[PDB]
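All remarks here apply to the structure that follows.
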Amino acid sequence: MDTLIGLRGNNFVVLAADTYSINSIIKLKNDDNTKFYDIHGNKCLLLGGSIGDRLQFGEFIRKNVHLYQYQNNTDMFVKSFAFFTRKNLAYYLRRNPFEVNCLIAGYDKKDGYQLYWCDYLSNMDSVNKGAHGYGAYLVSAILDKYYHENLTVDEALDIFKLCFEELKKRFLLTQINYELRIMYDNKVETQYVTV
Amino acid sequence: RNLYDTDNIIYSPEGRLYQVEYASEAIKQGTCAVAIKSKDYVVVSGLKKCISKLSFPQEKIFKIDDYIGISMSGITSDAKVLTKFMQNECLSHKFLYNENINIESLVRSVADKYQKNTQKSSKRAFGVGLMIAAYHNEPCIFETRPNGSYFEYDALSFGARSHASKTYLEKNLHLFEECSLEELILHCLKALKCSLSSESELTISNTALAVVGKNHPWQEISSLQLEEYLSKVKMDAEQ
Amino acid sequence: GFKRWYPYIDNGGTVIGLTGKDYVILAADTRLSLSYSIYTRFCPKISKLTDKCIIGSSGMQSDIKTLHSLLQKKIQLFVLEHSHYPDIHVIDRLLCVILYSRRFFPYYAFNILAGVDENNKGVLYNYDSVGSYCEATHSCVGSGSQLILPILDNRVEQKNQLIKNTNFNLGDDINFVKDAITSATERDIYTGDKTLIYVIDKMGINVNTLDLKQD
Amino acid sequence: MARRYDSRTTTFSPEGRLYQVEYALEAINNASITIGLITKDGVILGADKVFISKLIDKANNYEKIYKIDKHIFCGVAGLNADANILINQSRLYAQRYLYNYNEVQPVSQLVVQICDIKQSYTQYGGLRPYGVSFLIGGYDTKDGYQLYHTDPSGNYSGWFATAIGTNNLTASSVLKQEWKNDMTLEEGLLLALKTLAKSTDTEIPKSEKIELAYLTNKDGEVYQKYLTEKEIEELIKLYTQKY
Amino acid sequence: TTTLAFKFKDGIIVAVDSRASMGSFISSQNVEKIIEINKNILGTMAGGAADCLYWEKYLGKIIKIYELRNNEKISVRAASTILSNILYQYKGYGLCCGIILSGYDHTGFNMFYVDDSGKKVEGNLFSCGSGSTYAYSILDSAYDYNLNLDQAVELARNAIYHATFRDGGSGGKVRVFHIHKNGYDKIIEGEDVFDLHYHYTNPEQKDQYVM
Amino acid sequence: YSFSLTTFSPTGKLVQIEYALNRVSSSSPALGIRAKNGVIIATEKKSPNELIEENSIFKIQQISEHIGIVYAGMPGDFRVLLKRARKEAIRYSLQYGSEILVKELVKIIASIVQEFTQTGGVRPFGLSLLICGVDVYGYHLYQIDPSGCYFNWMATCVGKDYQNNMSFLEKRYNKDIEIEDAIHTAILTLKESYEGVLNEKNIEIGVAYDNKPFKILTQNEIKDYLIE
Amino acid sequence: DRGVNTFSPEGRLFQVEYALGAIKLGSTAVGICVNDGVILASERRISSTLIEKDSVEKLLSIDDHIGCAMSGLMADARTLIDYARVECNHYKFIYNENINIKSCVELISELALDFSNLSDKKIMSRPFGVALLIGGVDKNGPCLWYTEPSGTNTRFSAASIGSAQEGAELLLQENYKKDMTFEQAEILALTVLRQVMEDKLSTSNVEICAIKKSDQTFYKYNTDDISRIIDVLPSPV
Amino acid sequence: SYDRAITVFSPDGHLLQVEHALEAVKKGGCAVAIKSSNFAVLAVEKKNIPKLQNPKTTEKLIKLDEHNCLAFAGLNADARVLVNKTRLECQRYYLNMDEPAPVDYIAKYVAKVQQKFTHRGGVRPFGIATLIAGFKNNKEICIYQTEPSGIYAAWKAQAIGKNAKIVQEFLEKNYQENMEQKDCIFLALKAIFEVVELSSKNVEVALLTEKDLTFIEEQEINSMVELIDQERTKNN
Ligand SMILES: */C(=C\S(C)(=O)=O)[C@H](Cc1c[nH]c2ccccc12)NC(=O)[C@H](CC(C)C)NC(=O)[C@H](Cc1c[nH]c2ccccc12)NC(=O)CN1CCOCC1
């Protein structure tokens, strides 16, 4: 299972994922890069599930959003992007479902920093903190406890370090390699963390 | 008439279909093909069209099945479409029933294909006339026309300046039934020559010749045998 | 309260193939059976595709018949269109396309395509009902394949023999095929009656017949 | 031969022009005048009402200005039936965008969609074009207040102040010489009345022949007001005092 | 089946076994699991032999037409994307394909693992088949990017041998090819693993080896 | 193949719609009047011969409760459009549980009429419709032209001499008239238009008033009204 | 006035006749087939100095063993060549062998006459107005075929297309021999092109391609080969 | 549906519909595109009614994807429809190949679409000519020109639209290989004003680099126009 974590503050959004590409009982790669889908205009789709469905849905959404932005010479709003993603997932749910969980993060002037939680059933809602996978059970309470308003990026990264330590110590799958996407100060940064 | 030849679904005040008539007119512009039959064999000869000095002569007779072949006069694309149709019909009958198709039914289906194109204004008649030589319990020659009609002949000839060939065939018709294979081939070559212009000559390059018979599957006559036959024709004409 | 109908049956059969320097052999048993009954004692399993190519299949008789007829129709259409007879490699690719066209409801037929190519070399292709593999020396499909293939491996490859034999000829290979089919008839209930042996070589295709046990 | 009856509407002419589109433009230019302008407080759309009879129900009856959405409205010049078809389509398009994206469609995007319908009609098939031209005004948070003009060919262009229909040259001259970048809603309404009077060749406008509407964005909401006869009469009294 | 590929300082090493089976019966010992898609791309196939062969031929046709139209060689990434999209369109039909596409293009040497479920993983070292775990262990215990060609070929041969030894579905002959900038060479056309066992594990041949 | 038979002319007109309007203006006259508490539609239905059954000809029809329709033009076109209007009304009822609104029905029928001026292989409808109705928003009288444009009328006339009839009706129409006054004025207008002497057999009347079901007056009631 | 399928009183299709009129223009190309291979040469009517030479090519490759010279409408020619490429690729896929040049030519003609709608489907609305010279090497050896809008395919030992087709054909007829070698074929092709060309023959106004029986691989001559043949050419007379 | 053959052969062998599409193109504005070492410069004529039209709305210089840009001359609605088709095809190529669509591929697609519209029944040709500037898979800048007939060709510097011949002659006279950005912009402005009235609001210029397409600032265009005006005054 792929553990996804998302934290939204007044000045940032941090997304985190494990970097494992899994095929049966072996890890194909310890530095997987098929979960994050960065979208022009400060948007990010973090996907979790089977690699095939992940790739198909992520690329479909990214190309559709890029087509929209090129056709309209404008940046799609984060709320529009999130609800477009949810509408597509719901449309395919009853025909040929993608078995993917989504964390949709972004920034725009109208609504600031935004984070949306969506499950494979296409149940979506905007949240301040969210998680997906079997590691959600072990990181959700840490997020709840140590989250507060007016949190800073470094305090959020400390919370994420606590989460990664918990996933290494107590989670059945000892996950040690994580990738983070940080949106703040109208710039997107990539980090790699090993515990 | 200028007012009634625009489309193929309009009858003239004389009840004529000028578009279909023009499709038939396309046939008279082709090279001459002749087909005759004895009690056992059908021989089909034809004049291959050479565009220029450096061009190869064009094909005139085609094989449809083991004991079925055709010659065409008119538009080559139409001839190709009909040839593919006939070949697929014969092959599909062999596939479904493990036996040779009935030539009469094949010709009827080809004639229906002709006709179905003359009933709509979005289509046009085939500008090609077909001569079908086959052996099915006996030799048979069929002619299919652009308007959807088909007839059965004892001897047949179409193409440009083919009336000389028709005259020769009408003169020698009584002899074909009891002829041998060599005599029949010579007669077909002589009719083709009758059509041919005096300046032109029948050579192995511009003459196509095929035979289909009792135990003789449709076969083109080899170049050497054709040369022998043409030499015989020239020699006996010299007398 | 009705039971579902299964669209597949096995009608038995064994087809062996064996190549040589300038020849190929395809032998097949002619029994047709349904469960523990014999439909008929003479149902040929080998069809001639070209003067240098034949195909033998084992499995469901209706599927085999339809597939052989379809291949023959395709080859005749190819001859008419492209004005030359396809060789065994073209026929192999054609059969592969035909077989994968029904990938999700496959023909219940395992087929050996035997022939001689333009170099005058024997060629065998083994088809597992969807796909093809070129066989270097020998092949076998049908109910007796598991009995026969070890024998042909022992007699041809001789991989487990320090003192080997290399003089292989048409008569010895024919005798090997007869022995293999007889041994299969000993222990396989679906192989028996008569067997047809086709030899393709420079002189063409020749068909001989051998008698097997009728029980 | 059914082709003898075909007029070949979607066919080029020797000059690289479409006769059907040119004739539709002639119909539009024969239609009555529709003006539009942008103030710092909103978009004002005005139209001249063509007189039919005094038995027409003149209350709650706007026939040249329509609402496409809460933030988009349009004025029509051309064939009313074609305009109604295109207006229903535009309303469907705006609601479809809201359904797809959970946000209101931008005015430029809506204009592009309806103009694409018109262009497709001019290019594909063998049907005649739409004899209607639009002045689509609206507001959105991306480009602010917007005013677009669309013609039968599918061409469209953005404007700060424009006029379509009969005698649009006089209205365009008036707007060119009077319009200002920063105007209040009242000033814009007075200018709209002046240009309508000039196009209609009159001094004192009559409220019985004037349609006025304005779309503003106040207190975080887009509000459209279609002035009634009494409100237009108050505006006309103000205009009379001014001039 | 055991197929493996890995990048090293002089290109890519591709290796496979030659065994085919239906159930517990060995159908053949001399099948070819490495195919060339074009001059600069090799695909190693595992799983359903018919599915792999048919879809590799399909990909080759698509790549040939693309190259003819655009007068340029296709990239390994683009070929992998085409194959993965095609395979994903058939998800839920029973296709069995695991393909490693390794090749040289304008962006250096590239290696992608593609599955019948629509996966496409870029990597430096892959292994597929029923012996993939054993091959993976052997490769990981002794892999290095600075191996010479001979050392890399030896490592691939050893990994295939151990996979065949431990896995009942792998065996026959071992083939090792080398992809370099100008094409590909077949270093080991096919080598019986019978000799490999008595070279590696039981050189003395004086008693039965005890695993 | 389908191409538009109605096309723009060099002056920007649709002569086919003009000619449909000519047919309507040559057809028999109909009128509608909105009263203070109701709306009436009247029409002149003459008898071409003594053998026809007047009760079989239906010019004033009921689309639904509280909605009636009359036409001037071609009866076959009218019958087609009347069937379509009834189908649309019951479609709205199936969707929304209540009766269709007059404005909504008029818009739908107007769009249907418009489609026949643009689609391929067809001619425009050769009639004008007058649709009267009552709903929660009041009393409505709408006219639909062959082009597909609709007009909201206080009182109107279509058909022959519609200009003279409109002038006559305007000279004696005010918005505060009652149903009885409206019926009297309708009969007066029809009598003025008709050459000769009118009678209850030559006219038909339908009324929708006081939130009551649409009613088609009988010969006896029309005779009572004509006595004056 | 007339439909695309109308027959003329002489039995001909008006649209086909008009497409035949269309194919009469364009850059002039010649093709020569000898025992050792087939060579197609063409003139390049470079529009101006700002055009990229590589972006314009009158000699294309339909397959690894088939080359084509085109004349008439260039967009229609590119459409036809793309269709031929697709069909040759599909044939190679389904038969694992190289298509015959005759079969390729037949497919091209079938597409060319598509607008007639004689068998039901049809997508083209009019003839193509394109003339082709298709050369290649198959199991029967080198061959050269000419296709025209009317759908008729001929086989030539030497042929020409373009604006100067008549003069090129006269020169080829009076200078071509059956038993010429490849060097003589190249010399003859470039001599005809030089004679019929408006501009002085150079290494930038002419392009050549060859399919030799040995390799059976389409090969585009570059400046080195073109200049070598130019030097070998005899002085104009 | 409607499938009449709108584009047919004339007795002389011409496609009159295509000729009329070319006439529509000649009735359009002027667009110039000049190539350089690793960048391109595209200038286009603007036609706005002062003080009433919104200059930003009309856009003849558009971006198809992250690396391809387009200019056109002819019918604006046809251009818009074709450009939307091309953008969709750019994203479809990206989805199908995992790489951005190169300029040569996109130009070929545009030309194929225009040919198809000349060769399909029930449709009329696009009345627009296009200049497409982009990068190839080897990161090489390239400019392509496509016409209503569907014929495309790569160029070093090309002008389309009204009075395209004069601008093309000026380009052939004044073009040099591997110019700097400012010199290339000056050349494009001079070429376009060879036929367009000299004014900074009569032209829109963009510079395409691997990074992005950047529109030149109004002050820079004003300075360059003043320099051109000074040169013209001196010459006269
Ligand atoms: C690897 C093994 S594995 C366990 O990792 O899947 C091999 C890979 C392989 C084998 N052959 C080739 C050829 C080309 C490329 C790759 C190849 N896979 C297999 O061997 C398959 C394993 C099963 C579990 C999927 N086996 C097969 O596909 C069978 C091949 C075959 C059958 N008869 C033959 C005769 C001669 C040569 C080969 C074969 N075929 C099947 O089992 C499929 N059908 C299913 C229906 O019943 C008939 C067999």
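So that the names make sense, note that chain A is the first sequence line, chain B the second, and so on, each numbered from 1. Every number for a ligand or one of its atoms is a count from 1 in the order of the listing.
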Tell me the nearest of C/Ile112, E/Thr3, C/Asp128 to atom 32 (C) of ligand 1, using heavy-atom distances.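 Result: the heavy atom closest to atom 32 (C) of ligand 1 is in C/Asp128.
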Given E/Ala49, E/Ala20, E/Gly47, E/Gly48, which has its nearest heavy atom closest to atom 21 (C) of ligand 1?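 Checking each option, the heavy atom nearest atom 21 (C) of ligand 1 is found in E/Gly47.
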Considering all protein heavy atoms, does one lie under 4.0 Å from atom 46 (C) of ligand 1?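 For atom 46 (C) of ligand 1 the answer is no, since every protein heavy atom stays at 4.0 Å or beyond.
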Mark whether atom 17 (C) of ligand 1 lies under 4.0 angstrom from at least one protein heavy atom.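 Given the 4.0 Å limit, the answer for atom 17 (C) of ligand 1 is yes, a protein heavy atom qualifies.
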With only distance considered, is E/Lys33 within less than 3.5 Å of ligand 1 through an N or O on each side?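 No: no nitrogen or oxygen of E/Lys33 is under 3.5 Å from one in ligand 1.
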Indicate yes or no: does an N/O atom of E/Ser21 lie under 3.5 Å from an N/O atom of ligand 1?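 In this structure, E/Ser21 places an N or O atom under 3.5 Å from an N or O of ligand 1.
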Short list, please: which atoms of ligand 1 are under 4.0 Å from a heavy atom of [X]?
| X | value |
| --- | --- |
| C/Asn126 | 35 (C), 36 (C) |
| E/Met22 | 32 (C), 33 (N), 42 (O), 48 (C), 49 (C) |
| C/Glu135 | 36 (C) |
| C/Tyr133 | 37 (C) |
| C/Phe110 | 48 (C) |
| E/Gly129 | 5 (O) |

Could you tell me the residue and atom name of the protein heavy atom closest to [atom], and the distance to it rounded to 0.1 Å?
| atom | result |
| --- | --- |
| atom 39 (C) of ligand 1 | E/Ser27 CB, 3.6 Å |
| atom 14 (C) of ligand 1 | E/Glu32 O, 3.5 Å |
| atom 2 (C) of ligand 1 | E/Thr1 OG1, 2.5 Å |
| atom 5 (O) of ligand 1 | E/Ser130 N, 3.2 Å |

Do we see a donor-acceptor contact under 3.5 Å between the side chains of C/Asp29 and C/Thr195?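 C/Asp29 vs C/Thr195: no donor-acceptor pair found between side chains.
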Using only heavy-atom distances, determine whether the side chains of E/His180 and E/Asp185 contain a donor-acceptor pair under 3.5 Å.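 Yes, E/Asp185 and E/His180 have a side-chain donor paired with an acceptor closer than 3.5 Å.
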What distance do C/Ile98 atom CD1 and C/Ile91 atom CD1 have between them, rounded to the nearest 0.5 Å?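 So the CD1 of C/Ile98 and the CD1 of C/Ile91 are separated by 10.5 Å.
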Just by modelled atom types, is the E/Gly118 backbone N or O under 3.5 Å from a matching donor or acceptor in the A/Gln56 side chain?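 It does not hold such a pair.
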For [Y], is there an ion pair with [X] - N to carboxylate O distance below 4.0 angstrom?
| X | Y | result |
| --- | --- | --- |
| A/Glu99 | A/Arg54 | no |
| C/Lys159 | C/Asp153 | no |
| E/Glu122 | E/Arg77 | yes |

Show, in sequence, the C-alpha distance, side-chain angles and deciding distance for E/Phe8 and E/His178, and conclude whether the ring-ring contact (aromatic ring centres under 6.0 Å, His included) test is met. CA-CA 10 Å; E/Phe8 79 116; E/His178 168 43; 5.6 Å; yes
Check for me whether the distance between the ring centres of E/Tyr136 and E/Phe6 falls short of 6.0 Å.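 Ring centres of E/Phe6 and E/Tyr136 not closer than 6.0 Å.
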Using 30° and 60° as the class boundaries, would you call the ring planes of G/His90 and G/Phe93 parallel, tilted or perpendicular?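 Aromatic pair G/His90/G/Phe93 classed tilted.
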